[PDB]
Amino acid sequence: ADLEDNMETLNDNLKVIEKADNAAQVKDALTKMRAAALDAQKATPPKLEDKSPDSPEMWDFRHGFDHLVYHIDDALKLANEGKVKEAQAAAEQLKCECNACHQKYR
Ligand code: HEC
């Protein structure tokens with residue numbers, strides 16, 4: 001899918017996670033965020049179209065999704081451990097970290 005749709009998937013499932021009351025619902029939303037993040041990693045954003053993949057900006061662009069998946073996997077582990085509240089807290093701090101890549105390249 002394109003970058004804007006993957007970003008909508010990330011933004012929407014973060015809303016799903018903070019409204020959830022069961023671990024299965026949290027794990028499902030994180031699973032879709034993981035797919036959207038790995039798919040967003042292969043795209044080129046409009047303001048970086050003049051750059052090559054090995055440019056510092058594009059290495060940094062792909063690196064941001066590596067760290068996002070890292071936090072998704074940790075939250076997925078918490079959800080698999082039945083820790084709904086802790087998984088939701090991980091998602092809130094993860095949500096805060098979304099802003100940095102937008103400030104650079106959005
Ligand atoms: C870079 C490695 C990113 C990180 C991590 C996240 N986002 Fe992102 N996002 C990024 C860019 C370059 C853009 C602009 C795309 C464009 O075509 O202009 C976006 C956009 C969004 C949007 C708006 C989508 C739209 O229809 O305009 C949203 C709602 C969004 N991003 C959400 C979002 C969330 C919740 C993130 C943390 C899970 C997140 N993004 C990370 C680049 C990057």
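Here, residue 1 is the first one in the sequence, and each next residue gets the next number. Counting convention: from 1, in listed order, for ligands and their atoms alike.
- Contact check for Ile17 versus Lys95: no side-chain heavy atoms found under the 4.5 Å cut-off.
- For atom 16 (C) of ligand 1, the nearest non-hydrogen atom of the protein is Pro46 CD, 3.8 Å.
- At a cut-off of 3.5 Å, with distance as the only test, no side-chain donor of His67 or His63 sits close to an acceptor on the other residue.
- Looking at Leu38 and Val69, their side chains come closer than 4.5 Å, going by heavy atoms from C-beta outward.
- Checking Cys96, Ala100, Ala40, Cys101 against atom 43 (C) of ligand 1, the nearest heavy atom belongs to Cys101.
- The protein heavy atom nearest to atom 20 (C) of ligand 1 is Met7 CG, 3.6 Å.
- Atom 10 (C) of ligand 1 has its nearest heavy-atom neighbour, among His102, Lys15, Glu8, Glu97, in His102.
- Within the structure, the closest approach of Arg106 to ligand 1 falls below 4.0 Å when heavy atoms are considered.
- Per-residue contacts place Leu14 under 4.0 angstrom from the following atoms of ligand 1 (heavy atoms of the residue considered): 35 (C), 38 (C).
- Taking every non-hydrogen atom of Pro45 and a distance limit under 4.0 Å, the qualifying atoms of ligand 1 come out as 12 (C).
- If you check the side chains of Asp28 and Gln25, you find no donor sitting under 3.5 Å from an acceptor.
- Residue, atom and distance of the protein heavy atom nearest to atom 15 (C) of ligand 1 are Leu3 CD2, 4.1 Å.
- A donor-acceptor pair under 3.5 Å is absent between the side-chain atoms of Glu18 and the main chain of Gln88, judged by distance alone.
- Judged purely by atom type and a 3.5 angstrom limit, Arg62 has no side-chain atom pairing as donor or acceptor with the backbone of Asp54.
- Residue-ligand proximity, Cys98 to ligand 1, at heavy-atom distances under 4.0 Å covers atoms 34 (C), 35 (C), 36 (C), 37 (C), 38 (C), 39 (C), 41 (C).
- For the pair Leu94 and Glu97, the minimum side-chain heavy-atom distance is 4.5 Å or more.
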